[PDB]
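Two forms, one chain: they're shown below as structure tokens, one block per form, named structure 1 and structure 2.
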Structure 1
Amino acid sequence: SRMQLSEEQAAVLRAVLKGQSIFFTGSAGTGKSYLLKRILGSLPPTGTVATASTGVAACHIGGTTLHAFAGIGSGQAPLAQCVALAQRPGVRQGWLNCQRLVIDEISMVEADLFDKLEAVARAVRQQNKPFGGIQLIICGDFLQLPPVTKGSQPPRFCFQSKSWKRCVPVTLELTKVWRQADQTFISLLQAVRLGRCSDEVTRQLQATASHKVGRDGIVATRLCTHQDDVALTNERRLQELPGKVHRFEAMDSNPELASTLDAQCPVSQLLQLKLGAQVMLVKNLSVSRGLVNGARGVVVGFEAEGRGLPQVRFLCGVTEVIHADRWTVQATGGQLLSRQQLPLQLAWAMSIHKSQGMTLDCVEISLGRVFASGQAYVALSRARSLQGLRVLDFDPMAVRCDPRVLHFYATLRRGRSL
């Protein structure tokens, strides 16, 4: 028995099943991605394409990246060239067979890209209708991570596309936060999302600098803005441990394409561990035991036999032997790639981009610098509880809302009751 959809979630599902192209939006942890999974379950799978803007977000819903589905290269080539790319075997069939296109984490899709995809859809499908007649089912939060670009110009938000409102004529909202159960923390997060750091909000975030977020032998994951710093931190902390290194090598269906798998999986080709290593579980092994995607633990031993698999103690108190798992990546043109590896990554540090869409419960962040719009909010809103969060050097300068996004949302609401 599925959880009970809220009335707001039910209204989105109703619209989708009526065939309406929609955008649905809501704060972090309002159940957008969960609702996509419910929508996907409710639809005939033939003709239904599940995508997200990022690899990390696509895996959450069992889908592919928007980039892989589109099959237009970077998207920076001239339109005619993108159309020709979309016409390639495997890519073309994807476009033609698509009746419904799900896109999670839309805030990272820049307007110029959306325009290109819209034009490609019409050309490949030979349908003179918005987005080639595809039913779009889009969600995300424009107050979370901002758009990225494969070019060099300042990206526009997806809603700035001249085709946005024609393509998603209806917007619905999810307004109840579920990730956090604590109303004090819910209200704090909403202040941050809107860029309203009163004296009280700042003091409450500053108070978290004293939080003990870990447990015996488990330390906080430091959320960082850039992968360089993540890598360096994880490598150095592992190097510093006195234990000998235990290695686990991935088995890929096509080892030549290990680079493409590395970019769309949360585990690496070569996993190195020691006693004491700080790790993140990156598969849902057991919701009832708390062994879920994002759970933080520490390696407490290695089995004597066989491969010498790691024993990991998690924040919840469960100690489990971590066995092999598998990922299948839906790459461009219908190609599938798989990787077998243990579902562990080092987690002294993690990038905020890689945390996108996740729930976490043992995190530290330094918020004394200018960040991208929405980026501090994403980092803070990963935590299930305020007591799993440690904010160092907080300054409201870290919390920025792009005025374009506030304007969008205000417009959206103009005719609404609340």
Structure 2
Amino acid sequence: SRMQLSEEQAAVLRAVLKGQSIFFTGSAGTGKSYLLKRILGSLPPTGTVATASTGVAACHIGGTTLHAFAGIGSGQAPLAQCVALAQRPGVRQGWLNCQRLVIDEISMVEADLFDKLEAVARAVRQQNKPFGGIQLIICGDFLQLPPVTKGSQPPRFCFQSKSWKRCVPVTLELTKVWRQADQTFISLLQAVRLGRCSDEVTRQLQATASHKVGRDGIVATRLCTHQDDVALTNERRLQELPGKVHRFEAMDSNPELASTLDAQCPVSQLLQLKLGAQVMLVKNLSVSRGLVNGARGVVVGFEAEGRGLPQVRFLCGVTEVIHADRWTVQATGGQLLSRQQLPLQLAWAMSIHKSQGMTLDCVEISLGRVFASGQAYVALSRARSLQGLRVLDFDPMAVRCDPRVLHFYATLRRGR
């Protein structure tokens, strides 16, 4: 075990191994990802179900989406219907065989959906205990973006559900800046997350507006709010370059489901590159050499023969030819599907949604406009340090947070 756990992280692990349902929570940069991986290595594979609310986060933990596991379609039908969908052959044994259920990215789950899931559990398993007697291991942070709904009315946070207190009797916090993160920058994030933008926070961010962050042909990625505008942007920037197009097609086990893999793993069926393309790594190839998720680079060549694989120069100081990697996704019903493709994305632009669970080493962020509660904090959390970041037109009016969620955190802090 490469690194020793902190006293706060050790407490979580203890509780989990005694069989207790627990929610653990804290800002970015407190070691939540490291702790999830240590929990999943410590538990028996048999009966342990790793899930996340998103595709992006599910892949980072080698699991599946909560939507796919559940098998209740959208969750919006009456209980008896949801319950009938969960009874379907493959979907049903997943519920029966689950002993411990890990759920990352809990901020994304709306309260009415948590309540539907909890009742579906008790019915399918014929067990009167909370969530059908499953040991729940829940990770996230409600000071992130609010949950989305389609349901016409306001969305409600997961902690407002009728079954939350019954299901989650112990909550523990991670508060210290983790040993793989920068003290100065995480301390600034922790102030922004609580809505608190002092004159010194505003100075430190405004001071980055003039920063040159790239070098050696690598330029900063512009962080954006919406995935579709991002794809058009990256495609237009690639079209402007004069080099010939190089195409890389995925090898899929089940090509009749490519759309599903496009939507759940971090790479597509077809990757196009040229000399000069701005790229981002999306697998951890080597932590010790800086080849981690979010590492920024530029294409500097292609192999002259064979498959013509790209040669990438990274900001971290590595130049290397990038080969195909593998991802496995679990479909509703349980079938394992696989995609082999290069672990690279275009990176003139990147959305907040597709960058969850990672940080970039070369990034530009615009924060003069007001966004939702938690938006300024979540965007700044995609950077690593003040050195790798340029903030345009920062305004402390950009910083808003949800007062109901602040009171939830203040109660937790008063405990200890």
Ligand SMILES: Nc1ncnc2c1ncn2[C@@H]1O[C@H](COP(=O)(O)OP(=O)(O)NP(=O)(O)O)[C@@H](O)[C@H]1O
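Between two forms, the rigid core is the largest collection of C-alphas that superpose within 1.5 Å. Here, a residue number simply tells you its place in the sequence of structure 1, counted from 1.
Student: Just flag whichever of structures 1 and 2 is the form solved without this ligand.
Tutor: The chain shown second - structure 2 - is the form that fits the description.
Student: Can you tell which of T184, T319, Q239, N97 moves its Cα by 2 Å or more between the two structures, with the two forms laid on the rigid core?
Tutor: Residue with a C-alpha shift of 2 Å or more: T184.
Student: So that I can tell if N128 moves, could you say whether its C-alpha shifts by at least 2 Å between the two structures after the core superposition?
Tutor: No; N128 is a residue whose C-alpha shifts by less than 2 Å between the two structures when the cores are overlaid.
Student: Once the core is superposed between the two structures, does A398 show a C-alpha displacement of at least 2 Å?
Tutor: Shift of 2 Å or more: yes.
Student: Please determine whether the C-alpha atom of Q87 is displaced by 2 Å or more between the two structures following superposition on the rigid core.
Tutor: Result for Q87: no, shift under 2 Å.
Student: Once both forms are fitted on the core, what is the Cα shift for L36 between the two structures in Å?
Tutor: Shift of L36 at C-alpha, rigid core superposed: 1.1 Å.
Student: Align on the rigid core first, then pass along the CA displacement of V56 between the two structures in angstrom.
Tutor: Comparing the two forms, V56 shifts 0.6 Å at C-alpha.
Student: Let me know the CA shift of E200 between the two structures in Å, rounded to one decimal, core fitted.
Tutor: Shift of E200 at C-alpha, rigid core superposed: 2.5 Å.
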